[PDB]
Amino acid sequence: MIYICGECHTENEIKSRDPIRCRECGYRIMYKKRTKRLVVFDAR
Amino acid sequence: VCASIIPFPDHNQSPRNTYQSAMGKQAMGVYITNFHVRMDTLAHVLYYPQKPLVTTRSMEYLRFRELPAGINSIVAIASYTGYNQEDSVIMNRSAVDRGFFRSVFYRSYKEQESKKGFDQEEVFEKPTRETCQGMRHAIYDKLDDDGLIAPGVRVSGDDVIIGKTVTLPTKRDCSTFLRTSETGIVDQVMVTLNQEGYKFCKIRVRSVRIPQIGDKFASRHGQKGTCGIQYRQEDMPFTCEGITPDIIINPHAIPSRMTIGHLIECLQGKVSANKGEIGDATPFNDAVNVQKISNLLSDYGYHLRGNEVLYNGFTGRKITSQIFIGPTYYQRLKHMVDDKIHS
Amino acid sequence: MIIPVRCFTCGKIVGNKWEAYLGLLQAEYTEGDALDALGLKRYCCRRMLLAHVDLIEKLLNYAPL
Amino acid sequence: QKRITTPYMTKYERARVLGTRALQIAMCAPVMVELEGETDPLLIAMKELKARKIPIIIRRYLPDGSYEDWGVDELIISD
Amino acid sequence: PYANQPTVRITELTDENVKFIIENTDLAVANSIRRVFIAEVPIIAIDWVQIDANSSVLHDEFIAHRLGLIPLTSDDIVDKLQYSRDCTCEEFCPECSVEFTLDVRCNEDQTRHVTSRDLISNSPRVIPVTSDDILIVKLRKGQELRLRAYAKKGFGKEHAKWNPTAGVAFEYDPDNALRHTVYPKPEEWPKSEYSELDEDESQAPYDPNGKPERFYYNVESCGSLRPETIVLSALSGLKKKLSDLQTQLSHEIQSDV
Amino acid sequence: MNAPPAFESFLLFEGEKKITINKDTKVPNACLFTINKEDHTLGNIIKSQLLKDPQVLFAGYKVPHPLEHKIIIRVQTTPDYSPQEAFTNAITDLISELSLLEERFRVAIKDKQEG
Amino acid sequence: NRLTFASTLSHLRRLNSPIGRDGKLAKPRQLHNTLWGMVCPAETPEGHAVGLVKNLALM
Amino acid sequence: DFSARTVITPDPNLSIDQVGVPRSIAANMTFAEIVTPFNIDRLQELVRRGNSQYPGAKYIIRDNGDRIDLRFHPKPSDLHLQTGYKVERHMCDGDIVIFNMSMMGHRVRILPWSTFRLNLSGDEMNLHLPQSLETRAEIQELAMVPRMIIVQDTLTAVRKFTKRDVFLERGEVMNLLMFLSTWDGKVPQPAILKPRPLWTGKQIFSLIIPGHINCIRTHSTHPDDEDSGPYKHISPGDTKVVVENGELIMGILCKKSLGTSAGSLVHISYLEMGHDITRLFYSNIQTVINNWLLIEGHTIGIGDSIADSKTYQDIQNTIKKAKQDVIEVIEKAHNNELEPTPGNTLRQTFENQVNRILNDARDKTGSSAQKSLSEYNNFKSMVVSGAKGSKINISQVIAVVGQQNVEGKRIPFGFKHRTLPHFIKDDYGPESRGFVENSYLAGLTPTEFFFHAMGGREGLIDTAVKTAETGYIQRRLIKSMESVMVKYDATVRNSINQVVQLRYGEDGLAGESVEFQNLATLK
Ligand SMILES: [Zn+2]
Ligand SMILES: [Zn+2]
Ligand SMILES: [Zn+2]
């Protein structure tokens, strides 16, 4: 899945059973951008 | 720190000041600014943390003004419909719909896949019904190809949010479901490596709690009062100018399990809002006095003691007793009905 | 975090008044004088502006993802 | 005969007699009194006690080991 | 054995609020009409919100909810539109809803805040009141907020956002002629604007016989529905509900007979 | 989860009669009108008008529970009159009462606008 | 305790009464005169452990 | 079937016996019921509803004892039931539940929201459902709230409601009588027919009183000399409560008259009528008064605490006089002029004399504050009715807080002979030793605040240990008398069958039906 580095904030594709590290930084914490499946919000 | 934020503590009873110290800590609000980046097991953040109308000078040093943990409320002290006992309070349904006391809730779920045993190890992947022998009845479409639910997916009830399996000597499902049945949306997902070097991830599930009849609200001093009943703006007792009180508390609390500072704070709040100046809450400042506050209020076309004529919402006839209404600071306590029932 | 859209008591809009409220404060106007200019006669609405904190300013300091 | 217990019926005896009878009625037991549309089993047994028709016989065990057979109809109930 | 004639006069009419006095009316009718403004009056507000991309500091739930509180200038469109429940739709249509959109992106270093002006609506007449301006959120550089919203007719009792009344100041018997409220020290209390009394008189003398009359109304609108039109809809809305009761009432009598 | 839908206050439940007239045997010429999905906005409208009618001996309304959203109205009249007629006739007066108010408001609203 | 900023400040300045023979013989729960200006008198958790846990004075 | 604990909220509309429960909790809870031909259809429809719909059954038990889950519903035939089966239908309205060894049963009512509703007349609780019919019948017959037995928000309004000043118009009376369940349907004749009808509060409350019960009580503010005066029957202040034929002819009700006590309207009705009628009396009082309270209204504000300037001078003058008197006592002891009492030493005698001067000042100033409050004042209304608060609380709010005693004595010398560093060494004055001369409204001095905290800290510590010790006694006493019971021979015996008492209470009578009275053949 596509992740985001917590330092440079750039897209980096990480596959399964792959080391978690940013190529541009070596930063060891990655985040997930968002899901394409939208949800329904009601103003309540 | 907790006692300094109390106006007129000298006017307040000693147990009440001690009681507030416990309640103040339990109050929910913006604890820090970098809450989004961090991951905490429990973190309640208020929608509209507003600095109080009545603030103490020492409050500046505590920085509580920057990060308050409550919202002001125009509180009319009256017995309306008898739905509030000594330990209770009546809210305004319309006000809550506008964001009167709403707050967010964050629960962080944390898991790691470690090779504890040579033969058996943990992995992150989708627990397919075929490859997995033992599993629990739940919806697994939420998980992605990597076994982690992406941010922005609504989760309700019993649902798997992280996929983990053990290759026992065929694999057995050992995923983690939601702690409670609350409906929440995942905010952010974090994947890392623990100190041992194994893959480790954290995800923060965000849920929105709307104040209801079961939530416990507590003033800055006195005993916490549960929201006995919620009434729409029409049903609330409106004054001559059309100001339906946001909250109604039981007058019978004031005598013993409450303090006159609540009435004084209401008087100061009315003057502060009317005059557009933040009142001084120094415990031992001779400049601030009840008589002085009353005189200031009278200059703005208001009763010197803060009493006002409230028209009952149901029947338009004037109430015989003139209610006392003022903008008293209030805070929402962590104790909520949704957490207890959802458990 | 951010100024509410409308007064919780009556429902008068107060979010739009926040931008003008801050602008009037730096214009040598008194705290209470600014409220009168915006047209907040009720004390319930004056509360939403007089004693409001804009926490989003400090949150915006942190860089986004 | 030669019964020394109080003629009146204790509250505990009344509660158990109605409860046991109500459970019996819910188990397709017959009803001595006429049925006028009372569905709830407790109501059926309640009027049975009023009319003194409950077949249950109360055997009060004395502390000395002796027992006295007191009928529900014989006992004086309070209405 | 019949009702009276509610004579009504207007004191001052302005955009924000309208003041009128109703005479020869029962207290219940006047009081009920006051709450008819708050709840019975239907207005169009955002209720359905869907976000396609949200990178702002604030959360999805907070941003989506805030749109509902924004009033919409539905003067006559609200009357012609119908509730989603009674429409023949399973999905929102222009006849039972309206389309709303807000696509913004911040790329400048200076802080940029998206306000109601950027909230685009398909219906030209159904637009935000400000369209200073109702700021929705503040966006940092590199933050985008793209979402689609819909608005539907709803009663005020259903949600506060559907309440066009920004505080209703309903008053009657300002001088306290009938002693409906007793003041321990009437001298201290201030004089109301509508009261016609001298400085040295604390309150008017009590009349043994009398009824509440000459109700003073000051309906303040939030800008969604004009204060001069809310009363017209409220009076018609209250009575149309009253007539509906009669229609069902006749059926009950038809069953009894 | 447990929060009731907001529209249930006014929405009519499927297969539920909006109005039910029940006769009271405690006193002759008495009836109960258990209206559903209504609030005090409607209860006080008819009670006050019913009192104005001389032929009404006892008229009133109450709500068993605010969350129930159903109002109960009890009307008692003279033997010649009937509670059903009182409820029907009172409603007609309200429609006429509001029609004059609505019509008169439209007459005076234009007067202020022009001056 | 990160529930509230005020709670976080109080916890950092939190104090604990002595335990064992020293605490048992004395009366740590009771408020003494020496706390004036040094330990907040009002602030104390409510329950069985009342007065054992306190908070440092601001100055 | 233990349920999930949830917070408690009040609900005046519900009867005291009834209890509110959310749909979600009741859905989880199940009540096994034996199907019968008279209710075969009722179980047939409920089982058809399923677990998705709230009115369903979690499980169905056949005669052989097999349990079939209704979540799956594999076959329609399995759904069909035969006579004699047991169905675990979800809890519905009218069911009996029991919760807090004496427990009170309640009738469950389903409400939309989550929190439990109880008609108190807060703390979380778990309600238990008796599955068996036998115990369910027993619980509803002896463990119900009416057989077990008013809020402070009602008693205060009751006193105002029964005041002679209160007059009710026709419109107001209609609303009050509508909530009256025990109403014959006929409107009582107005007390004042002309020029306009006006029902007095007592007339409305007369219908609230059930049946015909006669009792005589006195209001809290009842002068002693009034009874001896010629106006004993015609009370000048309406301070005498007399009820004839169930009608409150005169007198203002309060906790003394309406609240639980040896002699009260509720107590008399319980003995005269019973428990079921008494419960309706509680419900009618709560409902009717609440509706009237919307018209009269109860409130509280600064004006109640703000007294007339005349009393402030008297309070300060008394405080000043007490302070000067204490100094005089100190001077006498300083010069050795003071003589110790034979039963005490000089140091203790001095502490006694100073305490009385300060104690007397608080009572004298506090008493004047009580007289200061007017009838319209809200502080007086609460104490006069006796619902909530006390005369001492008003004294600490208006007149003076009083001495802050620690461990039964004044503030000790924490430092070397001085309570605080500010006070001079070996100071025994009022301010130094913790005497608080400032009321809560006025504001305490910095020295007084700390001394007030010291006094409050002792109370909290005592309260914390008091509950722990008192709770221990309750459990210990029950265990030693758990097996004690009255046998059929009118004797009290334990499990071992040992005779504890020949007759219960030495007379053989229940402790609930007994009523207090004074035979006049010995005095
Ligand atoms: Zn990077
Ligand atoms: Zn406002
Ligand atoms: Zn449609």
# chains A, B, ... in the order shown; residues from 1 in each chain; ligands from 1
call {"tool": "residues_near_ligand", "arguments": {"ligand": "ligand 3", "cutoff": "10 Å", "atoms": "only C-alpha atoms and all ligand atoms", "output": "short mmCIF file (atom, residue, chain, number, x, y, z; two decimals) with N, CA, C and O atoms, in the first residue's frame"}}
result
data_model
loop_
_atom_site.label_atom_id
_atom_site.label_comp_id
_atom_site.auth_asym_id
_atom_site.auth_seq_id
_atom_site.Cartn_x
_atom_site.Cartn_y
_atom_site.Cartn_z
N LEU E 81 -40.33 23.10 -2.41
CA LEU E 81 -39.67 21.82 -2.17
C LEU E 81 -40.45 21.00 -1.14
O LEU E 81 -41.25 21.53 -0.36
N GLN E 82 -40.20 19.70 -1.15
CA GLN E 82 -40.90 18.75 -0.29
C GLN E 82 -39.88 17.91 0.48
O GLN E 82 -38.72 17.79 0.08
N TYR E 83 -40.34 17.33 1.58
CA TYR E 83 -39.48 16.50 2.41
C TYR E 83 -39.06 15.25 1.65
O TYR E 83 -39.77 14.75 0.77
N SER E 84 -37.87 14.74 1.99
CA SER E 84 -37.37 13.53 1.34
C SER E 84 -38.27 12.34 1.61
O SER E 84 -38.44 11.48 0.74
N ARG E 85 -38.85 12.26 2.81
CA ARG E 85 -39.67 11.10 3.16
C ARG E 85 -40.89 10.99 2.25
O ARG E 85 -41.22 9.90 1.78
N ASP E 86 -41.57 12.11 2.00
CA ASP E 86 -42.79 12.08 1.19
C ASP E 86 -42.52 12.05 -0.30
O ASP E 86 -43.43 11.75 -1.07
N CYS E 87 -41.30 12.36 -0.74
CA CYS E 87 -40.98 12.30 -2.15
C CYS E 87 -40.88 10.85 -2.61
O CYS E 87 -40.74 9.92 -1.80
N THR E 88 -40.96 10.66 -3.92
CA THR E 88 -40.90 9.33 -4.53
C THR E 88 -39.47 8.88 -4.80
O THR E 88 -39.25 8.04 -5.68
N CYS E 89 -38.49 9.41 -4.07
CA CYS E 89 -37.09 9.15 -4.32
C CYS E 89 -36.50 8.18 -3.30
O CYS E 89 -36.95 8.09 -2.16
N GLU E 90 -35.48 7.45 -3.75
CA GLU E 90 -34.54 6.79 -2.86
C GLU E 90 -33.22 7.54 -2.76
O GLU E 90 -32.43 7.27 -1.86
N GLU E 91 -32.97 8.47 -3.68
CA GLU E 91 -31.80 9.33 -3.66
C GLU E 91 -32.24 10.77 -3.90
O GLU E 91 -33.24 11.03 -4.57
N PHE E 92 -31.46 11.71 -3.36
CA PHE E 92 -31.85 13.11 -3.39
C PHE E 92 -32.05 13.59 -4.82
O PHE E 92 -31.24 13.29 -5.71
N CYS E 93 -33.13 14.35 -5.04
CA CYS E 93 -33.42 14.94 -6.35
C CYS E 93 -33.59 16.44 -6.19
O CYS E 93 -33.80 16.93 -5.07
N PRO E 94 -33.49 17.22 -7.27
CA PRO E 94 -33.71 18.67 -7.15
C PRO E 94 -35.07 19.01 -6.57
O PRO E 94 -35.22 20.05 -5.91
N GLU E 95 -36.08 18.17 -6.80
CA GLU E 95 -37.43 18.44 -6.31
C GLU E 95 -37.55 18.20 -4.81
O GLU E 95 -38.39 18.84 -4.16
N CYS E 96 -36.75 17.29 -4.24
CA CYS E 96 -36.76 17.02 -2.81
C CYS E 96 -35.42 17.30 -2.15
O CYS E 96 -35.17 16.82 -1.04
N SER E 97 -34.56 18.08 -2.80
CA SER E 97 -33.27 18.45 -2.23
C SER E 97 -32.57 19.38 -3.21
O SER E 97 -33.07 19.63 -4.32
N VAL E 98 -31.42 19.91 -2.79
CA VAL E 98 -30.60 20.76 -3.63
C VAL E 98 -29.15 20.30 -3.52
O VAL E 98 -28.76 19.63 -2.56
#
call {"tool": "residues_near_ligand", "arguments": {"ligand": "ligand 1", "cutoff": "9 Å", "atoms": "only C-alpha atoms and all ligand atoms", "output": "count of residues only"}}
result
18
call {"tool": "closest_atom_pairs", "arguments": {"of": "chain F", "to": "chain H", "cutoff": "10 Å", "atoms": "only C-alpha atoms", "output": "tab-separated table"}}
result
residue	atom	partner	partner_atom	distance
F:1	CA	H:24	CA	8.5
F:2	CA	H:113	CA	5.5
F:3	CA	H:113	CA	5.5
F:4	CA	H:112	CA	5.8
F:5	CA	H:112	CA	9.4
F:24	CA	H:185	CA	9.1
F:25	CA	H:185	CA	9.4
F:26	CA	H:185	CA	6.1
F:27	CA	H:185	CA	5.8
F:28	CA	H:185	CA	9.4
F:30	CA	H:185	CA	8.9
F:47	CA	H:171	CA	8.5
F:48	CA	H:171	CA	7.6
F:51	CA	H:171	CA	7.7
F:57	CA	H:187	CA	8.7
F:58	CA	H:174	CA	7.2
F:59	CA	H:174	CA	6.7
F:60	CA	H:174	CA	5.4
F:61	CA	H:175	CA	6.6
F:62	CA	H:178	CA	6.4
F:63	CA	H:179	CA	8.6
F:64	CA	H:13	CA	6.8
F:65	CA	H:13	CA	6.2
F:66	CA	H:13	CA	8.9
F:67	CA	H:112	CA	7.4
F:68	CA	H:111	CA	8.4
F:72	CA	H:178	CA	9.3
F:73	CA	H:178	CA	8.8
F:74	CA	H:178	CA	7.9
F:76	CA	H:185	CA	9.3
call {"tool": "write_last_selection", "arguments": {"atoms": "N, CA and C atoms", "output": "PDB file, in the first residue's frame"}}
result
ATOM      1  N   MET F   1     -26.884   5.312  18.617  1.00  0.00           N
ATOM      2  CA  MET F   1     -27.338   3.913  18.860  1.00  0.00           C
ATOM      3  C   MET F   1     -28.719   3.902  19.509  1.00  0.00           C
ATOM      4  N   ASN F   2     -28.789   4.362  20.757  1.00  0.00           N
ATOM      5  CA  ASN F   2     -30.046   4.435  21.488  1.00  0.00           C
ATOM      6  C   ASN F   2     -30.758   5.769  21.313  1.00  0.00           C
ATOM      7  N   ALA F   3     -30.145   6.727  20.632  1.00  0.00           N
ATOM      8  CA  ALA F   3     -30.771   8.028  20.439  1.00  0.00           C
ATOM      9  C   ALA F   3     -31.958   7.892  19.493  1.00  0.00           C
ATOM     10  N   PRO F   4     -33.169   8.291  19.893  1.00  0.00           N
ATOM     11  CA  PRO F   4     -34.307   8.162  18.988  1.00  0.00           C
ATOM     12  C   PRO F   4     -34.156   9.091  17.796  1.00  0.00           C
ATOM     13  N   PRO F   5     -34.717   8.729  16.642  1.00  0.00           N
ATOM     14  CA  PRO F   5     -34.645   9.630  15.486  1.00  0.00           C
ATOM     15  C   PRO F   5     -35.306  10.966  15.791  1.00  0.00           C
ATOM     16  N   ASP F  24     -65.039   8.478  28.820  1.00  0.00           N
ATOM     17  CA  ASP F  24     -64.726   8.314  30.232  1.00  0.00           C
ATOM     18  C   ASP F  24     -65.998   7.979  30.999  1.00  0.00           C
ATOM     19  N   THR F  25     -65.968   6.872  31.738  1.00  0.00           N
ATOM     20  CA  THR F  25     -67.121   6.424  32.506  1.00  0.00           C
ATOM     21  C   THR F  25     -67.172   7.014  33.908  1.00  0.00           C
ATOM     22  N   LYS F  26     -66.125   7.722  34.340  1.00  0.00           N
ATOM     23  CA  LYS F  26     -66.138   8.312  35.674  1.00  0.00           C
ATOM     24  C   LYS F  26     -67.232   9.363  35.802  1.00  0.00           C
ATOM     25  N   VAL F  27     -67.393  10.202  34.783  1.00  0.00           N
ATOM     26  CA  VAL F  27     -68.410  11.251  34.787  1.00  0.00           C
ATOM     27  C   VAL F  27     -69.114  11.244  33.434  1.00  0.00           C
ATOM     28  N   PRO F  28     -70.437  11.387  33.384  1.00  0.00           N
ATOM     29  CA  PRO F  28     -71.122  11.393  32.087  1.00  0.00           C
ATOM     30  C   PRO F  28     -70.724  12.594  31.243  1.00  0.00           C
ATOM     31  N   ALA F  30     -68.103  12.875  29.073  1.00  0.00           N
ATOM     32  CA  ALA F  30     -66.666  13.105  29.139  1.00  0.00           C
ATOM     33  C   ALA F  30     -65.968  12.197  28.139  1.00  0.00           C
ATOM     34  N   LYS F  47     -57.274  23.873  24.489  1.00  0.00           N
ATOM     35  CA  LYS F  47     -57.751  23.986  25.864  1.00  0.00           C
ATOM     36  C   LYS F  47     -58.290  25.382  26.143  1.00  0.00           C
ATOM     37  N   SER F  48     -57.542  26.415  25.749  1.00  0.00           N
ATOM     38  CA  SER F  48     -57.983  27.782  26.006  1.00  0.00           C
ATOM     39  C   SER F  48     -59.280  28.090  25.268  1.00  0.00           C
ATOM     40  N   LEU F  51     -62.307  26.454  26.921  1.00  0.00           N
ATOM     41  CA  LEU F  51     -62.762  27.172  28.106  1.00  0.00           C
ATOM     42  C   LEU F  51     -63.650  28.351  27.727  1.00  0.00           C
ATOM     43  N   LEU F  57     -67.816  22.371  30.540  1.00  0.00           N
ATOM     44  CA  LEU F  57     -67.708  22.338  31.994  1.00  0.00           C
ATOM     45  C   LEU F  57     -66.282  22.070  32.460  1.00  0.00           C
ATOM     46  N   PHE F  58     -65.563  21.184  31.773  1.00  0.00           N
ATOM     47  CA  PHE F  58     -64.189  20.858  32.140  1.00  0.00           C
ATOM     48  C   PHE F  58     -63.421  20.504  30.877  1.00  0.00           C
ATOM     49  N   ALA F  59     -62.327  21.221  30.628  1.00  0.00           N
ATOM     50  CA  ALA F  59     -61.464  20.957  29.487  1.00  0.00           C
ATOM     51  C   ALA F  59     -60.014  21.144  29.904  1.00  0.00           C
ATOM     52  N   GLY F  60     -59.156  20.231  29.464  1.00  0.00           N
ATOM     53  CA  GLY F  60     -57.745  20.313  29.801  1.00  0.00           C
ATOM     54  C   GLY F  60     -56.949  19.294  29.019  1.00  0.00           C
ATOM     55  N   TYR F  61     -55.628  19.443  29.093  1.00  0.00           N
ATOM     56  CA  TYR F  61     -54.706  18.550  28.409  1.00  0.00           C
ATOM     57  C   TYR F  61     -53.496  18.298  29.296  1.00  0.00           C
ATOM     58  N   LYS F  62     -52.829  17.175  29.046  1.00  0.00           N
ATOM     59  CA  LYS F  62     -51.603  16.839  29.755  1.00  0.00           C
ATOM     60  C   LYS F  62     -50.797  15.872  28.901  1.00  0.00           C
ATOM     61  N   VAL F  63     -49.510  15.784  29.205  1.00  0.00           N
ATOM     62  CA  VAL F  63     -48.579  14.905  28.505  1.00  0.00           C
ATOM     63  C   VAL F  63     -48.131  13.822  29.482  1.00  0.00           C
ATOM     64  N   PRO F  64     -48.419  12.542  29.221  1.00  0.00           N
ATOM     65  CA  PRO F  64     -47.940  11.498  30.143  1.00  0.00           C
ATOM     66  C   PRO F  64     -46.428  11.449  30.258  1.00  0.00           C
ATOM     67  N   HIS F  65     -45.707  11.733  29.175  1.00  0.00           N
ATOM     68  CA  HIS F  65     -44.251  11.730  29.195  1.00  0.00           C
ATOM     69  C   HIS F  65     -43.726  12.525  28.003  1.00  0.00           C
ATOM     70  N   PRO F  66     -42.764  13.431  28.205  1.00  0.00           N
ATOM     71  CA  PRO F  66     -42.287  14.238  27.066  1.00  0.00           C
ATOM     72  C   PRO F  66     -41.721  13.402  25.931  1.00  0.00           C
ATOM     73  N   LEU F  67     -41.034  12.302  26.246  1.00  0.00           N
ATOM     74  CA  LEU F  67     -40.454  11.465  25.203  1.00  0.00           C
ATOM     75  C   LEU F  67     -41.510  10.697  24.422  1.00  0.00           C
ATOM     76  N   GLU F  68     -42.692  10.480  25.006  1.00  0.00           N
ATOM     77  CA  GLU F  68     -43.743   9.757  24.298  1.00  0.00           C
ATOM     78  C   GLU F  68     -44.254  10.542  23.098  1.00  0.00           C
ATOM     79  N   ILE F  72     -52.696  14.087  25.702  1.00  0.00           N
ATOM     80  CA  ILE F  72     -54.026  13.622  26.075  1.00  0.00           C
ATOM     81  C   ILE F  72     -54.862  14.836  26.452  1.00  0.00           C
ATOM     82  N   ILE F  73     -56.046  14.947  25.856  1.00  0.00           N
ATOM     83  CA  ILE F  73     -56.967  16.049  26.110  1.00  0.00           C
ATOM     84  C   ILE F  73     -58.272  15.466  26.631  1.00  0.00           C
ATOM     85  N   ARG F  74     -58.739  15.986  27.762  1.00  0.00           N
ATOM     86  CA  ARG F  74     -59.989  15.564  28.379  1.00  0.00           C
ATOM     87  C   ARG F  74     -60.984  16.713  28.317  1.00  0.00           C
ATOM     88  N   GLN F  76     -65.173  17.737  28.919  1.00  0.00           N
ATOM     89  CA  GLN F  76     -66.488  17.414  29.453  1.00  0.00           C
ATOM     90  C   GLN F  76     -67.409  18.605  29.236  1.00  0.00           C
TER      91      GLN F  76
END
call {"tool": "residues_around", "arguments": {"residues": "residue 13 (chain C)", "least_positions_apart": "4", "cutoff": "12 Å", "atoms": "only C-alpha atoms", "output": "PyMOL selection string"}}
result
(chain B and resi 98) or (chain C and resi 3-9+17-18+38-40+44-46+48-49) or (chain E and resi 16+69-71+129-130+132-135+161+164-167+220-224)
call {"tool": "select_by_dssp", "arguments": {"residues": "region 11-137 of chain H", "states": "strand (DSSP E)", "output": "PyMOL selection string"}}
result
chain H and resi 18-22+30-34+57-61+67-69+86-90+96-99+104-111+116-118
call {"tool": "interface_residues", "arguments": {"of": "chain H", "to": "chain D", "cutoff": "12 Å", "atoms": "only C-alpha atoms", "output": "ChimeraX atom specification"}}
result
/H:33-40,42,63,83-86,94-95,131-143,147,273-274,276,485-499
call {"tool": "interface_residues", "arguments": {"of": "chain B", "to": "chain E", "cutoff": "10 Å", "atoms": "only C-alpha atoms", "output": "PyMOL selection string"}}
result
chain B and resi 36+47+93-99+102-104+152+184-185+187+206-208+232-235+238-244+298+300-305+307-322
call {"tool": "residues_around", "arguments": {"residues": "residue 4 (chain H)", "least_positions_apart": "6", "cutoff": "10 Å", "atoms": "only C-alpha atoms", "output": "ChimeraX atom specification"}}
result
/B:340-343 /H:25,28-29,124-127
call {"tool": "residues_around", "arguments": {"residues": "residue 20 (chain A)", "least_positions_apart": "4", "cutoff": "8 Å", "atoms": "only C-alpha atoms", "output": "list in words"}}
result
residues 14, 28, 29 and 30 of chain A; 191, 192, 193 and 199 of chain B
call {"tool": "write_last_selection", "arguments": {"atoms": "C-alpha atoms", "output": "tab-separated table (two decimals), in the first residue's frame"}}
result
chain	number	residue	atom	x	y	z
A	14	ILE	CA	5.74	-0.26	0.64
A	28	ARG	CA	11.08	4.68	10.30
A	29	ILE	CA	7.48	5.89	10.81
A	30	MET	CA	4.97	5.77	7.95
B	191	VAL	CA	3.25	1.68	10.81
B	192	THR	CA	6.61	1.42	12.58
B	193	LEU	CA	9.26	-0.98	13.86
B	199	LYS	CA	6.86	-4.58	12.51
call {"tool": "residues_around", "arguments": {"residues": "residue 2 (chain G)", "least_positions_apart": "6", "cutoff": "8 Å", "atoms": "only C-alpha atoms", "output": "JSON list (two decimals) with N, CA and C atoms, in the first residue's frame"}}
result
[["chain", "number", "residue", "atom", "x", "y", "z"],
["B", 31, "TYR", "N", -5.84, 18.97, 25.91],
["B", 31, "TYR", "CA", -4.73, 18.77, 26.83],
["B", 31, "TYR", "C", -3.44, 19.38, 26.29],
["B", 43, "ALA", "N", -8.13, 9.99, 25.05],
["B", 43, "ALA", "CA", -7.89, 11.41, 24.81],
["B", 43, "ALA", "C", -9.21, 12.04, 24.39],
["G", 8, "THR", "N", -2.35, 17.57, 33.81],
["G", 8, "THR", "CA", -0.95, 17.27, 33.55],
["G", 8, "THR", "C", -0.03, 18.10, 34.45]]
call {"tool": "interface_residues", "arguments": {"of": "chain H", "to": "chain G", "cutoff": "8 Å", "atoms": "only C-alpha atoms", "output": "ChimeraX atom specification"}}
result
/H:413-415,419-420,450,453-454,457-458,460-461,464-465
call {"tool": "atom_distance", "arguments": {"atom1": "CA of residue 364 (chain H)", "atom2": "CA of residue 236 (chain H)"}}
result
26.5 Å
call {"tool": "interface_residues", "arguments": {"of": "chain F", "to": "chain B", "cutoff": "8 Å", "atoms": "only C-alpha atoms", "output": "MDAnalysis selection string"}}
result
chainID F and resid 40:41 44
call {"tool": "write_last_selection", "arguments": {"atoms": "C-alpha atoms", "output": "PDB file, in the first residue's frame"}}
result
ATOM      1  CA  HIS F  40     -47.756  21.496  24.044  1.00  0.00           C
ATOM      2  CA  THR F  41     -47.930  23.768  20.986  1.00  0.00           C
ATOM      3  CA  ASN F  44     -52.833  24.765  24.785  1.00  0.00           C
TER       4      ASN F  44
END
call {"tool": "atom_distance", "arguments": {"atom1": "CA of residue 51 (chain H)", "atom2": "CA of residue 108 (chain H)"}}
result
19.8 Å
call {"tool": "residues_around", "arguments": {"residues": "residue 13 (chain G)", "least_positions_apart": "2", "cutoff": "12 Å", "atoms": "only C-alpha atoms", "output": "list in words"}}
result
residues 1 and 2 of chain B; 6, 7, 8, 9, 10, 11, 15, 16, 38, 39, 40, 43, 53, 54, 55, 56, 57, 58 and 59 of chain G
call {"tool": "atom_distance", "arguments": {"atom1": "CA of residue 12 (chain F)", "atom2": "CA of residue 21 (chain H)"}}
result
23.8 Å
